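Student: Pasting structure.pdb here (PDB, C-alpha atoms and all ligand atoms):
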ATOM      1  CA  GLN H  16       4.234 -23.877 -13.018
ATOM      2  CA  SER H  17       2.349 -22.932  -9.825
ATOM      3  CA  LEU H  18      -1.047 -23.000  -8.123
ATOM      4  CA  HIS H  19      -0.629 -19.654  -6.297
ATOM      5  CA  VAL H  20      -1.004 -16.227  -7.893
ATOM      6  CA  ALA H  21       0.997 -13.030  -7.726
ATOM      7  CA  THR H  22      -0.642 -10.800  -5.131
ATOM      8  CA  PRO H  23      -0.924  -7.000  -4.736
ATOM      9  CA  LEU H  24       1.515  -4.965  -2.667
ATOM     10  CA  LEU H  25      -0.717  -2.179  -1.320
ATOM     11  CA  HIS H  26       0.449   1.134   0.070
ATOM     12  CA  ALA H  27      -1.114   1.995   3.416
ATOM     13  CA  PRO H  28      -1.301   5.813   3.372
ATOM     14  CA  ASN H  29      -2.943   6.500   6.766
ATOM     15  CA  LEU H  30      -0.409   4.205   8.415
ATOM     16  CA  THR H  31       2.478   5.732   6.479
ATOM     17  CA  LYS H  32       1.453   9.178   7.752
ATOM     18  CA  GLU H  33       0.996   7.991  11.346
ATOM     19  CA  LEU H  34       4.280   6.061  11.481
ATOM     20  CA  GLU H  35       6.448   8.498   9.501
ATOM     21  CA  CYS H  36       7.528   5.502   7.423
ATOM     22  CA  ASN H  37       6.267   3.861   4.210
ATOM     23  CA  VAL H  38       4.053   0.865   5.010
ATOM     24  CA  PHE H  39       3.335  -1.692   2.301
ATOM     25  CA  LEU H  40       0.928  -4.591   2.707
ATOM     26  CA  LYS H  41       1.537  -7.874   0.852
ATOM     27  CA  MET H  42      -2.017  -9.182   0.311
ATOM     28  CA  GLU H  43      -2.043 -13.009   0.587
ATOM     29  CA  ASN H  44      -5.817 -13.034   1.289
ATOM     30  CA  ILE H  45      -6.142 -12.799  -2.516
ATOM     31  CA  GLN H  46      -4.612 -16.278  -3.032
ATOM     32  CA  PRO H  47      -6.869 -19.092  -4.155
ATOM     33  CA  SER H  48      -8.223 -20.681  -0.952
ATOM     34  CA  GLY H  49      -7.808 -17.349   0.904
ATOM     35  CA  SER H  50      -4.338 -17.437   2.467
ATOM     36  CA  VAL H  51      -0.555 -17.561   2.040
ATOM     37  CA  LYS H  52      -0.790 -21.395   2.421
ATOM     38  CA  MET H  53      -1.523 -21.516  -1.294
ATOM     39  CA  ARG H  54       2.217 -20.789  -1.928
ATOM     40  CA  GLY H  55       3.804 -23.401   0.365
ATOM     41  CA  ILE H  56       1.023 -25.987   0.221
ATOM     42  CA  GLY H  57       0.570 -25.444  -3.543
ATOM     43  CA  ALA H  58       4.237 -26.282  -4.102
ATOM     44  CA  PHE H  59       4.088 -29.433  -1.951
ATOM     45  CA  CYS H  60       0.895 -30.698  -3.612
ATOM     46  CA  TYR H  61       2.079 -29.928  -7.166
ATOM     47  CA  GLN H  62       5.355 -31.777  -6.607
ATOM     48  CA  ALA H  63       3.601 -34.724  -4.952
ATOM     49  CA  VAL H  64       1.472 -35.206  -8.067
ATOM     50  CA  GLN H  65       4.490 -34.751 -10.415
ATOM     51  CA  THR H  66       6.305 -37.533  -8.553
ATOM     52  CA  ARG H  67       3.528 -39.912  -7.447
ATOM     53  CA  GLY H  68       0.758 -39.390 -10.041
ATOM     54  CA  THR H  69      -2.942 -38.752  -9.647
ATOM     55  CA  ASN H  70      -3.962 -41.989  -7.868
ATOM     56  CA  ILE H  71      -2.705 -40.660  -4.541
ATOM     57  CA  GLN H  72      -4.843 -39.318  -1.724
ATOM     58  CA  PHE H  73      -3.855 -36.130   0.038
ATOM     59  CA  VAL H  74      -4.606 -36.332   3.776
ATOM     60  CA  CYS H  75      -4.672 -33.269   6.011
ATOM     61  CA  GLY H  76      -5.856 -32.143   9.440
ATOM     62  CA  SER H  77      -3.129 -29.496  10.002
ATOM     63  CA  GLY H  78      -5.019 -26.229  10.514
ATOM     64  CA  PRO H  79      -7.800 -24.288   8.828
ATOM     65  CA  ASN H  80      -5.849 -22.656   6.029
ATOM     66  CA  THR H  81      -3.791 -25.745   5.317
ATOM     67  CA  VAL H  82      -6.872 -27.927   4.833
ATOM     68  CA  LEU H  83      -8.459 -25.292   2.588
ATOM     69  CA  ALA H  84      -5.306 -25.102   0.425
ATOM     70  CA  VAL H  85      -5.075 -28.905   0.207
ATOM     71  CA  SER H  86      -8.801 -29.121  -0.756
ATOM     72  CA  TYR H  87      -8.317 -26.507  -3.479
ATOM     73  CA  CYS H  88      -5.118 -28.118  -4.859
ATOM     74  CA  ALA H  89      -6.629 -31.603  -4.896
ATOM     75  CA  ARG H  90      -9.543 -30.341  -6.998
ATOM     76  CA  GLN H  91      -7.152 -28.475  -9.401
ATOM     77  CA  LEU H  92      -4.824 -31.485  -9.675
ATOM     78  CA  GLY H  93      -7.624 -34.090 -10.023
ATOM     79  CA  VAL H  94      -6.627 -35.985  -6.861
ATOM     80  CA  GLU H  95      -8.563 -37.411  -3.890
ATOM     81  CA  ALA H  96      -8.363 -35.467  -0.607
ATOM     82  CA  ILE H  97      -9.250 -36.686   2.874
ATOM     83  CA  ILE H  98      -9.677 -33.717   5.196
ATOM     84  CA  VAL H  99     -10.182 -33.729   8.997
ATOM     85  CA  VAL H 100     -11.417 -30.632  10.863
ATOM     86  CA  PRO H 101     -12.345 -30.186  14.576
ATOM     87  CA  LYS H 102     -15.896 -31.018  15.637
ATOM     88  CA  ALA H 103     -16.925 -27.337  15.931
ATOM     89  CA  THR H 104     -15.381 -25.903  12.706
ATOM     90  CA  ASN H 105     -16.633 -22.719  10.966
ATOM     91  CA  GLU H 106     -19.392 -23.808   8.610
ATOM     92  CA  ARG H 107     -18.105 -22.006   5.515
ATOM     93  CA  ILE H 108     -14.787 -23.779   5.914
ATOM     94  CA  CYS H 109     -16.759 -27.063   5.882
ATOM     95  CA  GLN H 110     -18.853 -26.015   2.888
ATOM     96  CA  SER H 111     -15.786 -24.979   0.875
ATOM     97  CA  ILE H 112     -14.152 -28.339   1.487
ATOM     98  CA  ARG H 113     -17.307 -30.248   0.469
ATOM     99  CA  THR H 114     -17.790 -28.085  -2.633
ATOM    100  CA  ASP H 115     -14.213 -28.945  -3.697
ATOM    101  CA  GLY H 116     -15.226 -32.621  -3.599
ATOM    102  CA  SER H 117     -12.974 -33.533  -0.665
ATOM    103  CA  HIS H 118     -13.970 -36.178   1.856
ATOM    104  CA  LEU H 119     -14.625 -34.295   5.046
ATOM    105  CA  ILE H 120     -14.380 -35.845   8.514
ATOM    106  CA  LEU H 121     -15.332 -33.936  11.677
ATOM    107  CA  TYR H 122     -13.153 -34.972  14.596
ATOM    108  CA  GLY H 123     -11.389 -33.502  17.638
ATOM    109  CA  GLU H 124     -11.697 -30.644  20.125
ATOM    110  CA  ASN H 125      -9.030 -28.569  18.302
ATOM    111  CA  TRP H 126      -6.668 -28.582  15.296
ATOM    112  CA  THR H 127      -3.960 -30.532  17.103
ATOM    113  CA  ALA H 128      -6.452 -33.382  17.652
ATOM    114  CA  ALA H 129      -7.674 -33.136  14.011
ATOM    115  CA  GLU H 130      -4.062 -33.513  12.887
ATOM    116  CA  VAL H 131      -3.471 -36.502  15.194
ATOM    117  CA  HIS H 132      -6.561 -38.210  13.789
ATOM    118  CA  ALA H 133      -5.776 -37.324  10.171
ATOM    119  CA  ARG H 134      -2.308 -38.842  10.526
ATOM    120  CA  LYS H 135      -3.853 -42.241  11.342
ATOM    121  CA  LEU H 136      -5.871 -42.162   8.067
ATOM    122  CA  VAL H 137      -2.908 -42.280   5.740
ATOM    123  CA  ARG H 138      -2.927 -45.499   3.702
ATOM    124  CA  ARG H 139      -0.349 -47.044   1.305
ATOM    125  CA  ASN H 140      -0.816 -44.395  -1.435
ATOM    126  CA  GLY H 141      -1.817 -41.537   0.857
ATOM    127  CA  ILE H 142       0.377 -38.531   1.518
ATOM    128  CA  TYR H 143       0.070 -36.427   4.656
ATOM    129  CA  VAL H 144       0.325 -32.670   4.007
ATOM    130  CA  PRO H 145       1.991 -30.858   6.872
ATOM    131  CA  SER H 146       1.287 -27.153   7.481
ATOM    132  CA  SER H 147       4.868 -25.879   7.865
ATOM    133  CA  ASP H 148       7.796 -28.285   8.276
ATOM    134  CA  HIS H 149       8.840 -29.428   4.790
ATOM    135  CA  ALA H 150      11.399 -28.281   2.281
ATOM    136  CA  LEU H 151       8.770 -27.981  -0.467
ATOM    137  CA  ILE H 152       6.611 -25.685   1.666
ATOM    138  CA  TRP H 153       9.570 -23.368   2.326
ATOM    139  CA  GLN H 154      10.429 -23.313  -1.361
ATOM    140  CA  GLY H 155       6.805 -22.493  -2.210
ATOM    141  CA  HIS H 156       6.643 -19.699   0.356
ATOM    142  CA  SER H 157       9.945 -18.239  -0.853
ATOM    143  CA  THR H 158       8.136 -17.109  -4.025
ATOM    144  CA  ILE H 159       6.727 -14.220  -1.931
ATOM    145  CA  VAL H 160      10.181 -12.553  -1.842
ATOM    146  CA  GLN H 161      10.821 -12.806  -5.591
ATOM    147  CA  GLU H 162       7.530 -10.920  -6.013
ATOM    148  CA  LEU H 163       8.447  -8.365  -3.319
ATOM    149  CA  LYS H 164      11.800  -7.636  -4.995
ATOM    150  CA  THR H 165      10.055  -6.713  -8.241
ATOM    151  CA  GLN H 166       7.241  -4.770  -6.579
ATOM    152  CA  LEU H 167       9.691  -2.728  -4.493
ATOM    153  CA  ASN H 168      11.914  -1.991  -7.522
ATOM    154  CA  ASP H 169      14.871  -3.881  -6.001
ATOM    155  CA  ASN H 170      14.945  -1.496  -2.990
ATOM    156  CA  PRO H 171      15.456  -3.623   0.151
ATOM    157  CA  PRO H 172      12.944  -2.649   2.820
ATOM    158  CA  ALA H 173      13.873  -1.704   6.376
ATOM    159  CA  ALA H 174      11.945  -4.750   7.618
ATOM    160  CA  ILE H 175       9.530  -7.520   6.701
ATOM    161  CA  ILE H 176       6.965  -8.386   9.381
ATOM    162  CA  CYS H 177       6.076 -12.071   9.269
ATOM    163  CA  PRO H 178       3.605 -14.028  11.471
ATOM    164  CA  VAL H 179       5.079 -17.311  12.871
ATOM    165  CA  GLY H 180       3.159 -20.559  13.590
ATOM    166  CA  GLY H 181       5.386 -23.559  12.837
ATOM    167  CA  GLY H 182       7.887 -21.440  10.888
ATOM    168  CA  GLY H 183       7.197 -22.536   7.276
ATOM    169  CA  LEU H 184       6.498 -19.023   5.996
ATOM    170  CA  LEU H 185       9.351 -17.647   8.046
ATOM    171  CA  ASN H 186      11.762 -20.179   6.470
ATOM    172  CA  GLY H 187      10.602 -19.324   2.949
ATOM    173  CA  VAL H 188      10.987 -15.597   3.648
ATOM    174  CA  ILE H 189      14.538 -15.950   4.964
ATOM    175  CA  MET H 190      15.495 -18.345   2.139
ATOM    176  CA  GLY H 191      13.943 -15.999  -0.447
ATOM    177  CA  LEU H 192      15.877 -13.060   1.039
ATOM    178  CA  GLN H 193      19.176 -14.948   0.733
ATOM    179  CA  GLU H 194      18.360 -15.861  -2.900
ATOM    180  CA  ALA H 195      17.452 -12.196  -3.663
ATOM    181  CA  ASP H 196      20.748 -11.012  -2.091
ATOM    182  CA  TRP H 197      18.799  -9.204   0.622
ATOM    183  CA  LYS H 198      20.699 -10.922   3.361
ATOM    184  CA  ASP H 199      20.617  -7.836   5.604
ATOM    185  CA  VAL H 200      16.822  -7.248   5.594
ATOM    186  CA  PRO H 201      15.532  -7.913   9.161
ATOM    187  CA  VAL H 202      12.517 -10.165   9.523
ATOM    188  CA  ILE H 203      10.322  -9.400  12.493
ATOM    189  CA  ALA H 204       8.896 -12.784  13.454
ATOM    190  CA  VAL H 205       5.597 -12.190  15.255
ATOM    191  CA  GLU H 206       3.679 -14.586  17.537
ATOM    192  CA  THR H 207       1.059 -14.105  20.251
ATOM    193  CA  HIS H 208       1.919 -14.680  23.913
ATOM    194  CA  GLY H 209      -0.467 -17.650  24.023
ATOM    195  CA  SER H 210       1.748 -19.709  21.681
ATOM    196  CA  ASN H 211       5.295 -18.407  21.373
ATOM    197  CA  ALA H 212       7.405 -21.495  20.544
ATOM    198  CA  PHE H 213       9.664 -19.651  18.100
ATOM    199  CA  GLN H 214      10.466 -16.843  20.536
ATOM    200  CA  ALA H 215      10.980 -19.358  23.393
ATOM    201  CA  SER H 216      13.175 -21.572  21.193
ATOM    202  CA  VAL H 217      15.440 -18.635  20.203
ATOM    203  CA  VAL H 218      15.888 -17.803  23.916
ATOM    204  CA  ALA H 219      16.671 -21.442  24.818
ATOM    205  CA  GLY H 220      18.784 -22.208  21.746
ATOM    206  CA  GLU H 221      16.768 -25.423  21.348
ATOM    207  CA  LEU H 222      13.293 -26.554  20.319
ATOM    208  CA  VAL H 223      10.840 -25.812  23.088
ATOM    209  CA  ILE H 224       7.769 -28.096  23.200
ATOM    210  CA  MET H 225       4.406 -26.669  24.287
ATOM    211  CA  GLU H 226       1.120 -28.464  24.972
ATOM    212  CA  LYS H 227      -2.469 -27.144  25.444
ATOM    213  CA  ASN H 228      -1.738 -23.645  24.156
ATOM    214  CA  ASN H 229      -4.568 -21.586  22.769
ATOM    215  CA  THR H 230      -4.882 -18.095  21.242
ATOM    216  CA  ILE H 231      -7.349 -16.378  18.899
ATOM    217  CA  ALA H 232      -4.538 -16.616  16.323
ATOM    218  CA  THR H 233      -5.432 -20.191  15.365
ATOM    219  CA  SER H 234      -2.888 -20.581  12.553
ATOM    220  CA  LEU H 235      -0.048 -19.552  14.877
ATOM    221  CA  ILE H 236      -0.623 -22.384  17.355
ATOM    222  CA  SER H 237       2.217 -24.932  17.117
ATOM    223  CA  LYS H 238       3.621 -27.465  19.626
ATOM    224  CA  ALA H 239       7.115 -26.682  18.309
ATOM    225  CA  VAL H 240       8.759 -24.564  15.645
ATOM    226  CA  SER H 241      10.594 -26.261  12.747
ATOM    227  CA  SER H 242      14.266 -27.059  13.439
ATOM    228  CA  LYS H 243      15.065 -25.180  10.203
ATOM    229  CA  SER H 244      13.597 -21.965  11.697
ATOM    230  CA  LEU H 245      16.023 -21.990  14.632
ATOM    231  CA  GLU H 246      18.925 -22.807  12.296
ATOM    232  CA  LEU H 247      18.114 -19.919   9.906
ATOM    233  CA  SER H 248      17.624 -17.578  12.882
ATOM    234  CA  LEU H 249      21.361 -17.939  13.684
ATOM    235  CA  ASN H 250      22.491 -16.843  10.178
ATOM    236  CA  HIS H 251      20.031 -14.051   9.290
ATOM    237  CA  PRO H 252      18.783 -11.006  11.222
ATOM    238  CA  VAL H 253      15.520 -12.135  12.815
ATOM    239  CA  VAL H 254      13.711 -10.326  15.626
ATOM    240  CA  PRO H 255      11.245 -12.551  17.520
ATOM    241  CA  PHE H 256       8.395 -10.489  18.926
ATOM    242  CA  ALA H 257       5.180 -11.406  20.730
ATOM    243  CA  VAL H 258       1.898  -9.474  20.935
ATOM    244  CA  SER H 259      -1.265 -10.111  23.005
ATOM    245  CA  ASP H 260      -4.571 -11.503  21.693
ATOM    246  CA  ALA H 261      -6.066  -8.059  22.397
ATOM    247  CA  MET H 262      -3.502  -6.379  20.112
ATOM    248  CA  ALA H 263      -4.097  -8.948  17.360
ATOM    249  CA  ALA H 264      -7.879  -8.581  17.685
ATOM    250  CA  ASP H 265      -7.715  -4.805  17.550
ATOM    251  CA  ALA H 266      -5.605  -5.040  14.391
ATOM    252  CA  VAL H 267      -8.203  -7.279  12.696
ATOM    253  CA  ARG H 268     -10.882  -4.707  13.562
ATOM    254  CA  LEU H 269      -8.757  -1.770  12.317
ATOM    255  CA  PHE H 270      -7.796  -3.550   9.102
ATOM    256  CA  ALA H 271     -11.482  -4.342   8.396
ATOM    257  CA  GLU H 272     -12.374  -0.646   8.892
ATOM    258  CA  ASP H 273      -9.382   0.716   6.911
ATOM    259  CA  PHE H 274      -8.957  -1.759   4.038
ATOM    260  CA  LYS H 275     -12.440  -3.392   4.030
ATOM    261  CA  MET H 276     -10.941  -6.870   4.344
ATOM    262  CA  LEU H 277     -11.442  -9.498   7.036
ATOM    263  CA  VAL H 278      -8.261 -11.287   8.026
ATOM    264  CA  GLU H 279      -7.468 -13.832  10.736
ATOM    265  CA  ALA H 280      -5.951 -12.802  14.060
ATOM    266  CA  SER H 281      -2.815 -14.590  12.780
ATOM    267  CA  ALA H 282      -2.362 -11.802  10.188
ATOM    268  CA  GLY H 283      -3.691  -9.360  12.750
ATOM    269  CA  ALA H 284      -0.620 -10.153  14.908
ATOM    270  CA  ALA H 285       1.719  -8.791  12.198
ATOM    271  CA  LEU H 286      -0.473  -5.747  11.485
ATOM    272  CA  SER H 287      -0.557  -4.933  15.208
ATOM    273  CA  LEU H 288       3.084  -3.816  15.164
ATOM    274  CA  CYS H 289       2.036  -1.003  12.827
ATOM    275  CA  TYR H 290      -1.265  -0.070  14.446
ATOM    276  CA  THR H 291       0.322   0.128  17.908
ATOM    277  CA  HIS H 292       3.524   1.867  16.665
ATOM    278  CA  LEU H 293       5.529  -0.877  18.378
ATOM    279  CA  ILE H 294       7.426  -1.184  15.063
ATOM    280  CA  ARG H 295       9.104   2.155  15.976
ATOM    281  CA  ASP H 296      10.371   0.727  19.302
ATOM    282  CA  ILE H 297      11.840  -2.289  17.457
ATOM    283  CA  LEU H 298      13.411  -0.218  14.654
ATOM    284  CA  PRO H 299      14.143   3.289  15.988
ATOM    285  CA  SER H 300      15.800   4.370  12.691
ATOM    286  CA  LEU H 301      12.555   4.309  10.664
ATOM    287  CA  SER H 302      11.997   7.440   8.552
ATOM    288  CA  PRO H 303       9.782   8.536   5.592
ATOM    289  CA  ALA H 304      12.749   7.501   3.414
ATOM    290  CA  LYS H 305      12.326   3.868   4.526
ATOM    291  CA  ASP H 306       9.914   1.023   3.713
ATOM    292  CA  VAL H 307       8.315  -1.629   5.938
ATOM    293  CA  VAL H 308       6.474  -4.600   4.412
ATOM    294  CA  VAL H 309       3.745  -6.462   6.347
ATOM    295  CA  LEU H 310       2.832  -9.949   5.126
ATOM    296  CA  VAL H 311      -0.924  -9.984   5.343
ATOM    297  CA  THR H 312      -1.401 -13.707   5.425
ATOM    298  CA  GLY H 313      -5.194 -13.699   5.073
ATOM    299  CA  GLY H 314      -6.900 -16.805   6.406
ATOM    300  CA  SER H 315     -10.439 -18.182   6.575
ATOM    301  CA  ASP H 316     -10.815 -18.663  10.356
ATOM    302  CA  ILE H 317     -12.545 -15.302  10.674
ATOM    303  CA  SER H 318     -16.182 -14.167  10.348
ATOM    304  CA  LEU H 319     -18.595 -11.444  11.423
ATOM    305  CA  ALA H 320     -19.245 -13.412  14.605
ATOM    306  CA  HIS H 321     -15.459 -13.389  15.334
ATOM    307  CA  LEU H 322     -15.496  -9.623  14.994
ATOM    308  CA  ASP H 323     -18.502  -9.389  17.336
ATOM    309  CA  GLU H 324     -16.592 -11.478  19.881
ATOM    310  CA  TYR H 325     -13.317  -9.577  19.496
ATOM    311  CA  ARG H 326     -15.027  -6.217  20.023
ATOM    312  CA  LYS H 327     -16.855  -7.443  23.198
ATOM    313  CA  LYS H 328     -13.837  -9.158  24.752
ATOM    314  CA  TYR H 329     -10.729  -7.072  23.932
ATOM    315  CA  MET H 330     -11.736  -3.470  23.211
TER     316      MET H 330
HETATM  317  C1  LIG R   1       0.306 -20.626   7.969
HETATM  318  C2  LIG R   1      -0.121 -19.268   8.342
HETATM  319  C3  LIG R   1       0.814 -18.321   9.002
HETATM  320  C4  LIG R   1       2.258 -18.698   9.341
HETATM  321  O1  LIG R   1       2.348 -20.114   9.432
HETATM  322  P1  LIG R   1       3.680 -21.024   9.586
HETATM  323  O2  LIG R   1       3.058 -22.205  10.244
HETATM  324  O3  LIG R   1       4.666 -20.310  10.529
HETATM  325  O4  LIG R   1       4.215 -21.299   8.224
HETATM  326  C5  LIG R   1       0.327 -17.044   9.296
HETATM  327  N1  LIG R   1      -0.945 -16.685   9.007
HETATM  328  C6  LIG R   1      -1.866 -17.466   8.416
HETATM  329  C7  LIG R   1      -3.264 -16.974   8.127
HETATM  330  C8  LIG R   1      -1.506 -18.838   8.054
HETATM  331  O5  LIG R   1      -2.422 -19.656   7.446
END
Just dump the structure as structure tokens.
Tutor:
Amino acid sequence: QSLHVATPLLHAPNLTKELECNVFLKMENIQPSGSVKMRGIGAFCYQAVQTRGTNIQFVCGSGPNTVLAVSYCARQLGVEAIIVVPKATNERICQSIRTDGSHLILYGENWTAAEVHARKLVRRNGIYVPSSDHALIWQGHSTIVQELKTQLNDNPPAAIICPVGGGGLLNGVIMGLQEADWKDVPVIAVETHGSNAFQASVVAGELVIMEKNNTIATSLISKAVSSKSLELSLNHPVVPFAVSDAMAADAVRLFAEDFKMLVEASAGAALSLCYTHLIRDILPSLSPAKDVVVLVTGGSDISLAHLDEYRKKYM
């Protein structure tokens, strides 16, 4: 069936009180490998093996949580994995990949360069695993909504807050909502100002290309958003919103204090709409009779030293 697991939907009572609205947190940090990537990437990897067999090699350099998901899936599926990460990568990320039995290569100043290098390593029976832009990834991610429907007792929420990098998760959410007949549920698509290709693309009505962007929200860096994201944004209620690195960092700190979990600034971006109350400015109708769902995407590009740095720099 699938490599991902059903995850908890936690009530956030201090937030619910503060916001005068029910806040639920969808906990993707519980997935094998530590992030929501397990859904999308799990689906891609599973299908690749069903079609191509177990003599393939998975190849990936497309971001920290993608490579972790690929490493995990390759071990579960009994397949070779070739993984590239930037020269200065978090050591536990490296150890996890080695422990899985993947072949780890250290290369590049950032994840874009790791990806560029990884792409050149794909041989005749190798398959490159993208982070976001593939139909299988969207299908995999869409499983989150089927779960949400059950967990919320078929009551459509007032909004779903969804971090956006390349738009894979976004696409699965919107597609899941259409399949669930929740076509009217707004998705708040959150990015940081440092890399806002989705938001910029919606303004332009075409795919904006960005180079050299950086942000603490590593998994949200993308040169462009998927063409599918822009297409779906025309036919479903989507609100693009951007927050600062300082807001995302503060949310990571607050979530660690409140829920005792360390999540990436990527997930912190979505949580920041609640912690800052900006959600109320976006949806002025919110009331204690209404529900908001935050997709807490998890991620492994976070550590105690990140939290030291965030506190010093942004607070
Ligand atoms: C992949 C990911 C996202 C959203 O990514 P897309 O590229 O838009 O699919 C958000 N948070 C984390 C931690 C991720 O790994």
Student: Residue by residue, what does the PyMOL selection byres (((chain H and resi 201) around 9) and not hetatm) grab here? Present the result as a PyMOL selection string.
Tutor: chain H and resi 172-176+198-200+202-203+251-254
Student: Output the residue selection produced by the PyMOL selection byres (((not hetatm)) within 6 of (chain R and resi 1)) on the file above, formatted as a ChimeraX atom specification.
Tutor: /H:50,52,80,146-147,178-185,234-235,279,281-282,312-314
Student: Can you write just those residues out, C-alpha atoms, as a PDB file, in the coordinates of the input?
Tutor:
ATOM      1  CA  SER H  50      -4.338 -17.437   2.467  1.00  0.00           C
ATOM      2  CA  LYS H  52      -0.790 -21.395   2.421  1.00  0.00           C
ATOM      3  CA  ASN H  80      -5.849 -22.656   6.029  1.00  0.00           C
ATOM      4  CA  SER H 146       1.287 -27.153   7.481  1.00  0.00           C
ATOM      5  CA  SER H 147       4.868 -25.879   7.865  1.00  0.00           C
ATOM      6  CA  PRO H 178       3.605 -14.028  11.471  1.00  0.00           C
ATOM      7  CA  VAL H 179       5.079 -17.311  12.871  1.00  0.00           C
ATOM      8  CA  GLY H 180       3.159 -20.559  13.590  1.00  0.00           C
ATOM      9  CA  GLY H 181       5.386 -23.559  12.837  1.00  0.00           C
ATOM     10  CA  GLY H 182       7.887 -21.440  10.888  1.00  0.00           C
ATOM     11  CA  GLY H 183       7.197 -22.536   7.276  1.00  0.00           C
ATOM     12  CA  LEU H 184       6.498 -19.023   5.996  1.00  0.00           C
ATOM     13  CA  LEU H 185       9.351 -17.647   8.046  1.00  0.00           C
ATOM     14  CA  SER H 234      -2.888 -20.581  12.553  1.00  0.00           C
ATOM     15  CA  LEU H 235      -0.048 -19.552  14.877  1.00  0.00           C
ATOM     16  CA  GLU H 279      -7.468 -13.832  10.736  1.00  0.00           C
ATOM     17  CA  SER H 281      -2.815 -14.590  12.780  1.00  0.00           C
ATOM     18  CA  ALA H 282      -2.362 -11.802  10.188  1.00  0.00           C
ATOM     19  CA  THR H 312      -1.401 -13.707   5.425  1.00  0.00           C
ATOM     20  CA  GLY H 313      -5.194 -13.699   5.073  1.00  0.00           C
ATOM     21  CA  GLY H 314      -6.900 -16.805   6.406  1.00  0.00           C
TER      22      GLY H 314
END
Student: Given the file shown, enumerate the residues that the PyMOL selection byres (((chain H and resi 209) around 9) and not hetatm) captures and present them as a VMD selection string.
Tutor: chain H and resid 206 to 208 210 to 211 228 to 232 236 259 to 260
Student: Go ahead and dump the residues you just picked, C-alpha atoms, as a PDB file, in the frame of the given file.
Tutor:
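As a result, part.pdb now contains:
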ATOM      1  CA  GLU H 206       3.679 -14.586  17.537  1.00  0.00           C
ATOM      2  CA  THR H 207       1.059 -14.105  20.251  1.00  0.00           C
ATOM      3  CA  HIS H 208       1.919 -14.680  23.913  1.00  0.00           C
ATOM      4  CA  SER H 210       1.748 -19.709  21.681  1.00  0.00           C
ATOM      5  CA  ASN H 211       5.295 -18.407  21.373  1.00  0.00           C
ATOM      6  CA  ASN H 228      -1.738 -23.645  24.156  1.00  0.00           C
ATOM      7  CA  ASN H 229      -4.568 -21.586  22.769  1.00  0.00           C
ATOM      8  CA  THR H 230      -4.882 -18.095  21.242  1.00  0.00           C
ATOM      9  CA  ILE H 231      -7.349 -16.378  18.899  1.00  0.00           C
ATOM     10  CA  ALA H 232      -4.538 -16.616  16.323  1.00  0.00           C
ATOM     11  CA  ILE H 236      -0.623 -22.384  17.355  1.00  0.00           C
ATOM     12  CA  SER H 259      -1.265 -10.111  23.005  1.00  0.00           C
ATOM     13  CA  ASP H 260      -4.571 -11.503  21.693  1.00  0.00           C
TER      14      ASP H 260
END
Student: If we count only C-alpha atoms, what is near residue 186 in chain H at a cut-off of 9 Å, once residues fewer than 4 positions away on the same chain are taken out, given as a PDB file with C-alpha atoms, in the coordinates of the input?
Tutor:
ATOM      1  CA  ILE H 152       6.611 -25.685   1.666  1.00  0.00           C
ATOM      2  CA  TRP H 153       9.570 -23.368   2.326  1.00  0.00           C
ATOM      3  CA  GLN H 154      10.429 -23.313  -1.361  1.00  0.00           C
ATOM      4  CA  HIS H 156       6.643 -19.699   0.356  1.00  0.00           C
ATOM      5  CA  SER H 157       9.945 -18.239  -0.853  1.00  0.00           C
ATOM      6  CA  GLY H 182       7.887 -21.440  10.888  1.00  0.00           C
ATOM      7  CA  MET H 190      15.495 -18.345   2.139  1.00  0.00           C
ATOM      8  CA  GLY H 191      13.943 -15.999  -0.447  1.00  0.00           C
ATOM      9  CA  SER H 241      10.594 -26.261  12.747  1.00  0.00           C
ATOM     10  CA  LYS H 243      15.065 -25.180  10.203  1.00  0.00           C
ATOM     11  CA  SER H 244      13.597 -21.965  11.697  1.00  0.00           C
ATOM     12  CA  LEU H 247      18.114 -19.919   9.906  1.00  0.00           C
TER      13      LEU H 247
END
Student: Using all atoms listed in the file, which of H:112, H:249, H:150, H:277 sits nearest residue 264 in chain H?
Tutor: H:277
Student: How far is it from CA of residue 265 in chain H to CA of residue 82 in chain H, in Å with one decimal?
Tutor: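 The value is 26.4 Å.
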Student: In terms of the shortest atom-to-atom distance over all atoms listed in the file, which of H:305, H:295, H:138, H:268 is closest to residue 319 in chain H?
Tutor: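 Distance minimum relative to residue 319 in chain H lands on H:268.
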Student: Which residues are close to residue 217 in chain H, i.e. within 8 Å by all atoms listed in the file, leaving aside same-chain residues fewer than 6 positions away? Reply as a PyMOL selection string.
Tutor: chain H and resi 245+248+255
Student: Measuring atom to atom with only C-alpha atoms, identify which of H:276, H:106, H:118, H:302 is nearest to residue 49 in chain H.
Tutor: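 Ranked by minimum distance to residue 49 in chain H, first place goes to H:276.
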Student: How many Å lie between CA of residue 122 in chain H and CA of residue 68 in chain H, rounded to one decimal?
Tutor: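 Going from CA of residue 122 in chain H over to CA of residue 68 in chain H covers 28.6 Å.
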Student: What gap, in Å, lies between CA of residue 188 in chain H and CA of residue 149 in chain H?
Tutor: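 So the two atoms, CA of residue 188 in chain H and CA of residue 149 in chain H, lie 14.0 Å apart.
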Student: Between H:240, H:266, H:53, H:309, which one has atoms that come closest to residue 158 in chain H, using all atoms listed in the file?
Tutor: H:53
Student: Counting all atoms listed in the file, which of H:142, H:272, H:100, H:105 gets nearest to residue 123 in chain H?
Tutor: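 The shortest atom-to-atom distance to residue 123 in chain H comes from H:100.
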Student: Mind checking which residues fall within 12 Å of residue 140 in chain H, counting all atoms listed in the file, ignoring those fewer than 4 positions away in the same chain, and posting them as a list in words?
Tutor: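 Returned residues: residues 63, 64, 67, 68, 69, 70, 71, 72, 73, 74, 94, 95, 96 and 136 of chain H.
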